[PDB]
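Residue numbers begin at 1 in each chain, while the letters A, B, ... track the order of the sequences.
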6 protein chains.
Amino acid sequence: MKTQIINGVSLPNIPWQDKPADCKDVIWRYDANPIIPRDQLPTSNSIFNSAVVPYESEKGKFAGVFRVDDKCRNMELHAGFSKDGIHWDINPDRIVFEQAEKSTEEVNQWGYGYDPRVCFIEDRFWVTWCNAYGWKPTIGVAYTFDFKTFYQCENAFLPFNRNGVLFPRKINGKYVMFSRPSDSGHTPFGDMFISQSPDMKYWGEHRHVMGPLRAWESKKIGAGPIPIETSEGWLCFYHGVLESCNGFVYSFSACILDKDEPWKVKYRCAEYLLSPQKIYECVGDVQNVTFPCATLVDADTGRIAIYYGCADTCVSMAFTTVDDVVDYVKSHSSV
Amino acid sequence: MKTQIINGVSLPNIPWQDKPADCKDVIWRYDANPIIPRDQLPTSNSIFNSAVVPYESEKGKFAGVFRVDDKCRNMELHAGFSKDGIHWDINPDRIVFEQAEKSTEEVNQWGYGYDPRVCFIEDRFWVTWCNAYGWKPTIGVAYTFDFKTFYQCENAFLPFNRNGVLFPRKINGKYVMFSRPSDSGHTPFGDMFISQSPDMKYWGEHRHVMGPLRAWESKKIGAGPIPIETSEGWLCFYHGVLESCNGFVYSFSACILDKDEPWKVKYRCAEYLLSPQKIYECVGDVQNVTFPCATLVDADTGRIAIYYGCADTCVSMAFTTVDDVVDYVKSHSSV
Amino acid sequence: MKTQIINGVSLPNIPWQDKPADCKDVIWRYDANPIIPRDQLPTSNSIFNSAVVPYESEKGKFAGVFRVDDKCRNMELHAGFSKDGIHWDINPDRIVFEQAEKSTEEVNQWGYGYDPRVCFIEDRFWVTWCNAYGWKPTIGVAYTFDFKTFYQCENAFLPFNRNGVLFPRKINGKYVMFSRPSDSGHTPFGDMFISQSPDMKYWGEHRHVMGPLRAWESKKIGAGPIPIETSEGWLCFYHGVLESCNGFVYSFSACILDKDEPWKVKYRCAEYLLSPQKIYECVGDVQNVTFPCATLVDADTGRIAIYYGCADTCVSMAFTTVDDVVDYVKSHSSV
Amino acid sequence: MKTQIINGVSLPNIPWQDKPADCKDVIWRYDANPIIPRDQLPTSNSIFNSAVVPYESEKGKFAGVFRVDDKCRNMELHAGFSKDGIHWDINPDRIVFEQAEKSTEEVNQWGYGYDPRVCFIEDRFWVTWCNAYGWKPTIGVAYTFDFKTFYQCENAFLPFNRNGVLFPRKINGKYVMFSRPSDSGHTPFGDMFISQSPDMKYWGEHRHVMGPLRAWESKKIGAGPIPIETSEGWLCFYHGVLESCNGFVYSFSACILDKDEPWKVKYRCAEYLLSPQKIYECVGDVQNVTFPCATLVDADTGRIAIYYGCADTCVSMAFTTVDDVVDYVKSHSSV
Amino acid sequence: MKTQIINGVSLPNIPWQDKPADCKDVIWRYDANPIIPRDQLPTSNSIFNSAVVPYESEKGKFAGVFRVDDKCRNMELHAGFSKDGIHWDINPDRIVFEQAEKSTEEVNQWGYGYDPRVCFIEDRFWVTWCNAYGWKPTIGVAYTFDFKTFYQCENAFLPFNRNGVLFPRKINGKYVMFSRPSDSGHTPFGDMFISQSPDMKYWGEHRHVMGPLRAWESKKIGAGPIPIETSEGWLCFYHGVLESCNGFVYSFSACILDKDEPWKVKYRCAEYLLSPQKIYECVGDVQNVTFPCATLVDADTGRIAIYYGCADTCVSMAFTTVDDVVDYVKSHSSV
Amino acid sequence: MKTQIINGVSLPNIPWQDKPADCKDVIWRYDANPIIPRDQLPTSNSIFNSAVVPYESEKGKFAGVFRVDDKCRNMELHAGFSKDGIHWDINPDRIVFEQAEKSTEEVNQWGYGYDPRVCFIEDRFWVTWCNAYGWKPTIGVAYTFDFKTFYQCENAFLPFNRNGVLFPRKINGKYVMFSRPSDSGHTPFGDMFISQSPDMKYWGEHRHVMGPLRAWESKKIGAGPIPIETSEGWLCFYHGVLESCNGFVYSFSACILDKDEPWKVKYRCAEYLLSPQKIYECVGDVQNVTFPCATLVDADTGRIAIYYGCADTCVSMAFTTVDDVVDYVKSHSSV
């Protein structure tokens, strides 16, 4: 492989399909999407925008935290497990957080939770999600050792904020998180930022990453899945939005960020890499949405399994390789 | 049956399919939806949101008033008839009202009409619909004995108002109608109210029923079909709206209102009972709409057939029972 | 006088100043405006848009219901009295309504109230105002014999409505009220309607009066003071709104309506008769507001004394005659 | 035929399918739509709203200019060629314009271009499109002899303008062009205009054609394909927009314009002639759009083949005849 | 003087006051503003944004075209005359236009007109203003020889457009006009353009001049008075808008455009030269507006008298010199 | 004094004027407002919303940071000095920040700054303001020892945020700062929050304080001057906004927060304590604004001198006492 994975893991059992002969694109979709349908739970209206990591357990080789909206259209998080990373066993009830410290008992009342991202750091799995604080969106933080008990920490930021995604390790001795300042409604703007923390409680040294640039990403952008560490820097899949007369179209692509200062962009692909085109992407609760929240990387082969939400209804998968994405990113670089 | 139907009628011939074994919902769809396609009339752009009652005719056992939108996209009411309540013979031409009284000859000019509701009271069938008075939406009122001639009455209210639905008997000596104060466009709000009339002309004693509450019904709500009288009080299906970044999603559910003072809520289901999920509910003139304007009830068995507009394009059917709805309403109740 | 006053009163004591020689306008202002300053009460933020009638009491020859906004910016009604019609003794505290019938003890909770209109009809003074019902604007209704105790009746209408104004007698056996269908915010529209009632409780036979026409009244219109009965028909001052890039401009003018069917317009003045031009009309809590809620008419001479809110801050007076207004409306008429 | 085609061309090779026996419409759809899928090019996100004329070359009997949106969602024009008018060989790469005079070398920088219209005038093919001038939409103007080299002229008008369409000959000594004053975003208004030029550089004598009228066209209208010259006058297919709560629905119909003063409407069909109803018209990048930019007319038979955009995603075809349309337009005329 | 006036006139009688010793600004105000009060006509609501030129007649040495809004708030143009350029004799009645050619008898029906600009070219005075075409704003054109009879020509452009200002001579043998593409309401955007015409009927070769830039001019800009020809190029006073939470603030400044191609900016002052600060500029029908439509320039001294609208209520005057303004524009230039 | 000032300062030379005999208010205005006019500096468009503390220097007994908007309408901070606290010597030029550490030389480029607040903490003066990071509002942080050199630190938070106000000592060993999550425009919402920091660099443990409540503060609220420590807890003046049809009205009041957990509201005055009512408050750049950013407190007497911006135009002074404010706040408390 021309581009090496750093601090990756060996995933010979990575969900995978080969790139169809007629497929002329960098990324190709799994041939039996969606892998998690809207009604997989008795109480679920939709299941989408969901986080997955390799994790060995009684129920399989992968685990995850899943955005589940019930028939009240309440937004919740459910833990889930899988042997092959495709057919998922999702807890019927929501994660009920325990507080890591007693000092956050008052403040962390449950309201809602959506769009989680999950990664392992040094000794545990960290969950971020869009958490309600007094019914306002900010970034929630929790950790878990076993995806059974979840320990909630302080919300990282003030509202209004969304798309909080942790880098998978400390950089220069500091935890680093993508976020994306927003508002109280259907946010019509959006630049990506990073913020830094020595202890995962106090955040600062905020740095602007990038903002809306090309047409497909002209209205707003946001961080997708956990950054992938690479010979070239941080490989970051991200979402971008185009505004039509009828609403929003959510596509995603990728950029490469400087290894030591992730807010500096080395390359940024000028094209989307996947956009709403199939029936399950264009038809649902929210039309024309493809929203990546997790990837699996096999460091041995550089194969990538991408999980993305479709039309805010279901979860689908797609495949590509680190070499293929990096190559295309660099060969079609914006600015 | 645990809950009794009060002042109901015997309908052994009610359109009916049994609940499938795989089905985990309170309400299940007719397996051959839609029952009325958009192009059933030579001039129809769409047929939806329509009123249906038992009525013994030369042309069948059921009659109705149908919202028909033509290829001007004008909005009109058409009388229809059916033997089985599933296959309909809809008049090719619109209802042309006659004024019940001379005193409305000048006032009631025909501009538009949509979303009729119809029920029998005492000696005749009463029709309500969203009626244009100087191209502003209010509640039109009319009656008929035969679904051949329609006698138009005074508009019940000042604009701007929509979703006028009559209770099917007097209550404490007065006619009672649901309505839903609106504005001059795509109304971004809406609470259910009742008004009271001794004579079907003068209205007053306005009482607030309820407003938006759960996420699925957070933008606005409004009355659906004619209220059903039960031992628990009034069973009322109603629509609720969720606003996404791309627009509105119309779902519907049910509440139970006090027998004597129906603006007082006894139970209200926190969950929708049906939401736009099939292709014909999600794709059409207005995506993501399931909109109930009529139900049939067989008082002998408690079976309910529900007619509902789909994507403002066609008319579909769903089934449930009074007991199933009531049990679920009571056990999943909001406030 | 050329135009006669019908069913008026002898008011030789009417507040008055003669038309200055250098005046060219149909309506001239009192020379020591405002007559009621924003801070006349210890708790008042502003006092404006207020109602006045001849009433003989110990505290004088005139009575009224005044809109008072307090230093919370709450909207309240205070009763008031005056010997000359110019200097006002206003109650320091809000009218606390008593329910006329027990049937409204539940429904009529006090939320807020503004823009009263008042007239004597056959045996008492009737009061209308914009009344909160569940914090939504509609028309409140009350009566009083002595301006000391106020008896609240049913709200005449559903929200959202404002500018409810009674005609000062029954017409064809029915009470008649101006109103103006509105919305839940700073309403960007507005036509005048009348509604009719046999008993001041149930309302129906709604009729359209008129809508925005000329530029000065192009955004919205609304009834002002009590209709004045005349040889020409009903003389009605109404406000109209023009929208600039910075907000609204409230002026007012007059129309003449058919005696028998007051929704039919006989004459309507193309120009405003007064608009915001003085410092106390242009600067204040809401700039450029000129808003009449009462007139006194001396039937013996045709003298009219106009009370009008200025900049939503204070109350001011202006003067004109019935013949002048009538001549000018008829000779400068729209449609 | 009852109506004759004036100044037309003999097109016995026109793409054509007969009206189905079950078709009850003026216009019927090709039965294998779309004819150009979104991904016909390796770089194409979507191909729609496209211009076609008869033109003899080595690659076929018809040529075109096609709107292609690439995977950055940039808007470009690509020339294309076809043997039958149904299977199309479109250039992989955009038209790179040459300037006709040196005088426009400075101002005509390429930004974007979409919705081209093309017609033959005396000695060459003219192209109009929506051209960026400083990223504001206006009407770009060019000509070609071979569809291989394109020569750009002066932008016809100031921004903001869209839907510029040329009449296929001079009228009263002058070139005549449809356009449609717009704004800087998703224009929520739109009337059709004509402007006149002696030389295709300077435009003047601007004339209003018509504005939104019927419901299906209530929000805005614009010109579609090249006007067809006829014994009854100019036959002009046009698009019209209705606004639902979820956005815009684009439909199209026809009108007939006076032969010598084409701003004067003679007839105007009250109904749409085609509206978004099939799955490739309702689902896509932009839901519910059918947008006609080109027709082919066989003057011998009166057969018409219509090229129209679907869902801003793909290109489709429909068929009708000059007589069928003209008769329907004249028998179902608005005003 | 350092900067010379080109093609100017000797104006020893120019209205003038010397700069106060305490004045630290480039432009100082006349000390008895307004020079034209809102009520100078018996019918006028407001008189503002008005055009003025030197012109010898029986009524004085200056003549002009004045925007008068009457008590309907209709917008009209009135002719006016002055002996001293300060006290004005304004015709009580509107200019009623005569068509230059009979070919515009039909189109040029009068709707409204405002914001006139006037300059002498070769042999007559040319008048532009914002003219209604079918109640939409565009630029009207007309000429006069004596300011008594006015000859209307073709509207120069399509709607929507405002701020049409002619250069006072041909340039490269073409008429040159500033305009400012707008929209149907209170336009929230605006760049300056020029267009070119060989005959004042057909217009083309459109060139972008400049856009909003500095904070005080961030929302939109527009041309002011007739360009003044100097040895630095064209001295062009222009208006620019800032948006606060309460509305717009209109200030004005100056730029210097290239002699040969006036769409190329040589200098552009970063600061405003005058902004709303006085009571008559800040209080009125539209608060915070200072709007220049005319200047007199005495070529032998470089004195400049500026006429400008204040709060869309009245006309005021200010003074400066060509040298003062050119030095300041250059030494405080933007880009 | 019933209430004590904790950790206060002896200020016998506090600017002061005794309450007028006819003053029926908690707070009374200085009788020669403004104390700083819009044009005190040669460059200044307006000077308002400014920060003031006691500080012994060569230029006086008080110092501060002043918001100066220049004649580009750029927003700046200027240091200033005063002998009496009423007559100010303000630097003609902006504060150019030094970076406290080189780690912020890249990130902290100057764009704009406004609404400064200043207080002493342990060994230096800390400055917060609304600081542009990539032209997005957030809270800037700096310190000074002498008001001559200012050392900039890291922005406390992500955009979008404003009204950052530091408590004047550590609480529980942490710095505590008011802020107010906003958006990218004229923010139509706003709640007060605090955030906590060990080191003035990293922030967390965010706590909701309060949001809009009473009509005068129905739209949004925000922290005003530095919190004052008191026997009753933290005395905090804050601004509140009401929205009319014409824009915003900015008033201000006071609340009392828990000494140890300042996000917990003990008392909250239901009424405003000062609103826009004088000509310098109601008329100017932004109408109807009274915005407090600094108080002086004499701990010996309880005298409070209040600095506040008026109409975004000038600075005024008001007067009150701790006991007067605390008593009124306690006896007129909201929730």
Side-chain angles (χ1 to χ4, degrees), chain B residues 5-11 13-15 36 47 49-68 76-85 88-91 93-101 104 108 110 113-131 139-156 163-171 174-179 195 197-201 203 223-229 234 236-237 292-299 304-307 315:
Chain B
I5 302 304
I6 306 192
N7 287 304
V9 300
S10 177
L11 246 209
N13 49 319
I14 195 182
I36 298 168
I47 306 173
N49 295 359
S50 295
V52 167
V53 289
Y55 176 73
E56 204 72 32
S57 173
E58 262 186 67
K59 275 171 146 183
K61 299 248 176 293
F62 307 92
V65 180
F66 295 85
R67 176 188 177 158
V68 179
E76 273 164 17
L77 308 176
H78 294 214
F81 298 96
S82 170
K83 303 195 270 189
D84 58 6
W88 289 81
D89 172 14
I90 296 170
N91 287 2
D93 293 346
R94 79 166 174 98
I95 292 159
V96 177
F97 292 90
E98 276 158 50
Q99 303 310 305
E101 296 183 294
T104 67
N108 290 334
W110 180 258
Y114 57 97
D115 299 7
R117 274 72 149 190
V118 175
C119 68
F120 185 86
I121 310 185
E122 291 141 4
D123 65 347
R124 69 196 74 184
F125 296 87
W126 290 94
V127 192
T128 54
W129 73 100
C130 180
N131 188 47
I139 308 304
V141 173
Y143 61 81
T144 183
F145 302 98
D146 55 19
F147 293 89
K148 289 188 200 191
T149 305
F150 295 77
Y151 296 106
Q152 183 172 21
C153 296
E154 286 272 15
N155 299 317
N163 304 295
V165 187
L166 280 172
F167 280 72
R169 66 177 172 83
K170 295 189 201 189
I171 300 174
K174 294 164 294 184
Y175 302 106
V176 176
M177 197 199 289
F178 279 139
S179 70
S195 308
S197 181
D199 61 358
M200 274 293 179
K201 178 176 290 187
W203 294 90
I226 317 297
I228 305 155
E229 191 169 10
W234 301 98
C236 305
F237 293 93
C293 286
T295 66
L296 290 167
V297 182
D298 173 21
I304 302 169
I306 309 172
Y307 303 74
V315 185

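Because its NZ or CZ atom is not both nearer than 6.0 Å to the ring centre of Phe145(B) and within 45° of the ring axis, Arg124(B) does not count as a cation-pi partner of that residue.
When all heavy atoms of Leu166(B) and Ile226(B) are compared, the closest pair comes out as O-CG2, 3.6 Å.
Applying the side-chain contact (heavy atoms from CB on, under 4.5 Å) criterion to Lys170(B), with sequence neighbours excluded, gives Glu122(B), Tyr175(B).
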Next on the checklist: Pair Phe62(B), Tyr55(B) - check ring pair (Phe, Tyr, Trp, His ring centres under 6.0 Å), show working.
Outcome noted: CA-CA 5 Å; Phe62(B) 307 92; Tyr55(B) 176 73; over 10 Å; no
Checklist entry - Where do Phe81(B) and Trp88(B) land on the ring pair (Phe, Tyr, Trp, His ring centres under 6.0 Å) test, with the steps shown first? => result CA-CA 6 Å; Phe81(B) 298 96; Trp88(B) 289 81; 8.2 Å; no
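Here the OG-CZ distance, from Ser50(B) to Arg117(B), works out to 10.0 Å after rounding to the nearest 0.5 Å. Once rounded to the nearest 0.5 Å, the distance linking CD1 of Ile304(B) with CG of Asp298(B) reads 10.5 Å. To the nearest 0.5 Å, atom OG1 of residue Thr144(B) and atom OH of residue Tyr151(B) are 8.0 Å apart. The distance from the NZ atom of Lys61(B) to the CD atom of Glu56(B) is 3.5 Å, given to the nearest 0.5 Å.
Aromatic ring centroids of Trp129(B) and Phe66(B) lie 6.0 Å or more apart. Ring-centre distance between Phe150(B) and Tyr143(B): not below the 6.0 Å cut-off.
For the pair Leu11(B)/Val297(B), no side-chain contact is recorded, criterion being any heavy-atom separation below 4.5 Å from C-beta on.
Within the 3.5 Å criterion, the main-chain N or O of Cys153(B) finds a donor-acceptor partner in the side chain of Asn108(B).
The closest side-chain donor-acceptor pair between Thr104(B) and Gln99(B) falls under 3.5 angstrom. No hydrogens or angles considered: nothing links the side chains of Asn13(B) and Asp84(B) as a donor-acceptor pair under 3.5 Å.
The residues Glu229(B) and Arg169(B) are annotated as salt-bridged, a charged nitrogen and a carboxylate oxygen being separated by less than 4.0 angstrom.
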